[PDB]
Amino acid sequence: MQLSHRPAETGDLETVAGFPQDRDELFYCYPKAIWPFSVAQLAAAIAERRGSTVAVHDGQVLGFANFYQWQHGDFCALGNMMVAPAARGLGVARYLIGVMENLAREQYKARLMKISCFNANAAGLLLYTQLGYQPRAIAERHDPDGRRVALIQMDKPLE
């Protein structure tokens, strides 16, 4: 499964905004967004974040991520981790997270990556655990129906 990466471009937005397949998936990767997702909502996140990057395989954009927090010499916080529905479980998020870790180290001199994952997203919790992230705290948040959820705040030292 050969993959490459590059900064996200305007032309990618419609593709990436196609990735979340339901309100749960949108909530897990962008909890401030409102279903249905849209290019305007994706562009607004890009404009206020840093490091928006796509993963590409065989001419297809298959993954997207960015940083929603960045503190030079300190840490970055990874967000908006989205994978194309036809490419789930094939290593795209693993790949892109590694790219983003290098970007945090190289550009931001980060010592730490933070990832926060909602409790219902088992696939995410297990992936981040496989990649060496450890849970540090649990924060209460609310979902779009007003129901209480647990945000599991994880981190990993970089090198």
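In case it trips you up, residue 1 is the first one in the sequence shown, and so on.
According to the PDB record, 34-42 carries the higher mean C-alpha B-factor of the two stretches 34-42 and 113-121. Stretches 25-33 and 86-94 differ in mean CA B factor, with 86-94 having the higher one.
For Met100, the recorded CA B-factor ranks within the lowest third of the chain. Only modelled residues enter the ranking. For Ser52, the recorded CA temperature factor ranks within the lowest third of the chain's modelled residues. When the modelled residues of the chain are ordered by their C-alpha B factor, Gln69 lands in the middle third. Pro144 sits in the highest third of its chain by CA B factor, as recorded in the PDB entry.
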